[PDB]
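Undergrad: Just so we're aligned: 234 in mature numbering (1 follows the signal peptide of the UniProt record, and there is no 0) is position 234 of the sequence shown, and the numbers increase by one with no gaps anywhere. If you scroll down you'll find the structure; I have some questions about it.
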Amino acid sequence: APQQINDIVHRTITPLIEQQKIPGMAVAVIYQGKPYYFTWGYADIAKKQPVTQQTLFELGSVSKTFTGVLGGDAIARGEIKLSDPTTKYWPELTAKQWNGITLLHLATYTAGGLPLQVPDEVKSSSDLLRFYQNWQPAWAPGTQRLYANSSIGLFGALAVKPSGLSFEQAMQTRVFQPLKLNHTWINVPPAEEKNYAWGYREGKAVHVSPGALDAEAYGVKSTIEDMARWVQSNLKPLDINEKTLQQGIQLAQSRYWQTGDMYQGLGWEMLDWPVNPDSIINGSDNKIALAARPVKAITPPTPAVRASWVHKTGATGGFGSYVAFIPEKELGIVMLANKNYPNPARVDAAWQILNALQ
Ligand SMILES: [Cl-]
Ligand SMILES: [Zn+2]
């Protein structure tokens with residue numbers, strides 16, 4: 001890699017690892033469209049297995065960017081419209097509070113207070129219907145954003161219904177395979193477990209446990225190389241030969257809602273570039289990121305703005321991930337760690353690197 005990239009990465013990430021006690025980490029810096037890879041530490045501490053460019057990490061909510069793009073691909077196929085009512089795809093949701101709640105609301109966390117988590121007691125299809133049938137909104141739809149797995153998670157499950165495919169099969173055939181993400185998994189196969197890093201929570205090795213709508217909301221595992229390719233695909237949609245996927249990527253970076261200086265995409269979140277770094281750092285703190293905030297609609301949605309900071313944080317019990325990129329500059333970063341450490345530290349490190357290379 002160029003000397004300037006090696007220097008800033010060492011001076012930014014090695015101290016981050018020192019400060020946050022991260023056992024293993026993989027970083028890709030995309031510079032002038034090309035990825036440069038860095039690894040530190042261990043995928044499995046007790047086995048002394050190093051992090052490599054083939055190590056799988058839990059992406060947590062970075063999974064939502066895949067869900068948003070898969071939804072965008074469905075829009076471009078004419079299979080769904082974001083204005084469609086939820087009940088078009090789930091007629092059994094007869095409770096009156098669902099009148100007026102569209103796929104747009106589900107995708108962008110604006111249905112009116114759907115909760116952050118689907119409750120752990122939901123283990124069956126009927127449990128899930130009961131949950132949504134009895135949920136009472138705190139706000140009218142399209143007025144408040146409340147980040148929620150139960151919102152975008154349901155969006156993903158319904159967006160694939162017209163195709164007749166399962167969510168996992170739709171994602172594999174329509175997103176992973178065309179983009180040659182051949183080491184990206186909703187369910188890690190037995191032959192790849194050897195590359196599945198352990199996450200570490202309070203010194204204990206952990207993996208994410210099954211939950212309702214997990215594949216849609218937080219269930220993808222991937223390598224640093226496949227995640228660099230995901231960033232390249234989102235930086236350069238016109239290089240994707242499948243038109244519906246090219247358009248799906250673009251639609252996921254459309255701006256549908258604004259609150260403060262932040263815009264909500266489909267999975268992705270965006271700000272205008274140049275960005276105020278303190279706003280992305282401070283806004284990544286869960287005290288803000290998980291809070292209810294009024295939104296203003298953008299009608300029609302703004303088509304993907306190349307001068308944007310586009311990003312997403314993700315966490316599981318044992319992992320912490322961050323992706324950010326700037327289409328106008330062909331500049332991006334992927335940070336995958338097997339400890340869940342605070343989002344503001346992730347964003348600050350990412351901005352120090354990309355700011356140095358702009
Ligand atoms: Cl140094
Ligand atoms: Zn040093």
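For every residue, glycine included, the Cβ atom is placed at its ideal position computed from N, Cα and C.
Measuring from each Cβ to the nearest heavy atom of ligand 3, keep the ones under 7 angstroms and list them in chain order.
TA: Within the structure as shown, ligand 3 is missing, the only ligands being ligand 1 and ligand 2.
Undergrad: Skipping 5 residues on each side, what residues in its chain have a beta carbon closer than 8 angstroms to that of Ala297?
TA: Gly142, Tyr256, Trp257.
Undergrad: What residue range does the beta strand (DSSP E) around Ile45 cover?
TA: Unbroken run through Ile45: none, as it is neither H nor E.
Undergrad: Taking contact to mean at least 3 C-beta pairs separated by less than 8 angstroms, is the segment 36-48 in contact with the segment 196-213?
TA: Yes, the segment 36-48 touches the segment 196-213.
Undergrad: Nearest-angstrom Cα distance between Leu114 and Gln136?
TA: In a straight line, the C-alpha of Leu114 is about 8 angstroms away from that of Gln136.
Undergrad: Measure from the alpha carbon of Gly41 to the alpha carbon of each residue in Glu328, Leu181, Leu16, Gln32, then state which is nearest.
TA: The shortest Cα separation from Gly41 among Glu328, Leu181, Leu16, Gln32 belongs to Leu16.
Undergrad: Where does the unbroken beta strand (DSSP E) through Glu269 begin, and where does it stop?
TA: First-last of the beta strand (DSSP E) with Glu269: 269-272.
Undergrad: Checking the sheet assignment: what are the DSSP bridge partners for residue 359?
TA: Lying before the first or after the last residue shown, residue 359 is absent from the chain, which here runs from 1 to 358.
Undergrad: Counting pairs of beta carbons, one from the segment 62-81 and one from the segment 112-128, are three or more of them closer than 8 angstroms?
TA: Judged by Cβ distances under 8 angstroms, the segment 62-81 makes no contact with the segment 112-128, as fewer than three pairs qualify.
Undergrad: Under 8 angstroms Cβ to Cβ from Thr102, same chain only, skipping five residues before and after it: list those, please.
TA: Excluding sequence neighbours, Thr102 sits near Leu82, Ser83, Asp84, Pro85, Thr86, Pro141.
Undergrad: Go through its chain and collect everything with a Cβ distance to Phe319's Cβ below 7 angstroms, but skip five positions before and after it.
TA: Correct list, in chain order: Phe57, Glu58, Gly60, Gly199, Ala337, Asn338, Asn340.
Undergrad: With DSSP run on the structure shown, which of helix, strand or coil describes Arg255?
TA: Strand.
Undergrad: Would you please state the rounded distance, in angstroms, between the beta carbons of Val62 and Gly211? I believe it to be under 8 angstroms.
TA: In fact, because the Cβ distance is near 17 angstroms, the residues do not count as touching under 8 angstroms.
Undergrad: In three-state DSSP terms, what is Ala291?
TA: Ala291 falls in the coil class under three-state DSSP.
Undergrad: Please state whether DSSP places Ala26 in a helix, a strand or coil.
TA: Reduced to three states, the DSSP call for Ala26 is strand.
Undergrad: Within 10 angstroms of its Cβ, does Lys96 collect 16 or more other Cβ (buried), or is it exposed?
TA: By the neighbour-count rule (16 or more Cβ atoms within 10 Å), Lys96 is not buried but exposed.
Undergrad: By a C-beta neighbour count over all protein chains shown, 10 Å radius and 16 as the cutoff for buried, is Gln144 buried or exposed?
TA: The residue is buried, with at least 16 neighbouring Cβ atoms inside 10 Å.
Undergrad: Kindly indicate which residue of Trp230, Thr110, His183 has the alpha-carbon position closest to the one of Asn149.
TA: Out of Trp230, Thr110, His183, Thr110 has the C-alpha closest to the C-alpha of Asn149.
Undergrad: If you count every other CB in all the chains shown that lies within 10 Å of the CB of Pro23, and 16 or more means buried, which is it?
TA: Classification for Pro23: buried.
Undergrad: Out of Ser279, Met25, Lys64, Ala26, state which residue places its alpha-carbon closest to the alpha-carbon of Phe167.
TA: Selected option, being the one with the closest Cα: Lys64.
Undergrad: If contacts are defined as beta-carbon pairs under 8 angstroms, then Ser308 and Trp273 qualify, I think. What distance do you get, rounded to the angstrom?
TA: Rounded, the Cβ-Cβ distance is 6 angstroms, consistent with contact.
Undergrad: Measuring only the C-alpha atoms, how far is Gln358 from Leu290?
TA: The straight-line gap from Cα to Cα measures roughly 30 angstroms.
Undergrad: Helix, strand or coil: which one does DSSP assign to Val206?
TA: Three-state DSSP puts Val206 in a strand.
Undergrad: Taking the Cβ atom as the reference point for each residue, do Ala170 and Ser163 lie within a distance shorter than 8 angstroms?
TA: Yes; because the gap between Cβ atoms is below 8 angstroms, this pair is in contact.
Undergrad: Between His207, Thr55, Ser254, which has its C-alpha nearest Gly72's C-alpha?
TA: Nearest option by C-alpha distance: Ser254.
Undergrad: Could you tell me the boundaries of the beta strand (DSSP E) in which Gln264 lies?
TA: Here the beta strand (DSSP E) through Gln264 covers 262-264.
Undergrad: Evaluate contact between the segment 224-243 and the segment 278-289, counting only Cβ atoms and requiring at least three cross-stretch pairs below 8 angstroms.
TA: Judged by Cβ distances under 8 angstroms, the segment 224-243 makes no contact with the segment 278-289, as fewer than three pairs qualify.
Undergrad: Please report how far the alpha carbon of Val323 lies from the alpha carbon of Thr12, in whole angstroms.
TA: In a straight line, the C-alpha of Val323 is about 16 angstroms away from that of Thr12.
Undergrad: Take the Cβ of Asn343 as the centre, count every other Cβ of all protein chains shown within 10 Å, and call the residue buried at 16 or more, exposed below.
TA: Result: buried.
Undergrad: Give the single residue among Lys21, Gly33, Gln3, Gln4 whose Cα lies nearest to the Cα of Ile326.
TA: It is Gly33.
Undergrad: State the DSSP-derived secondary structure class of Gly72, mapped to helix, strand or coil.
TA: Three-state result, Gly72: helix.
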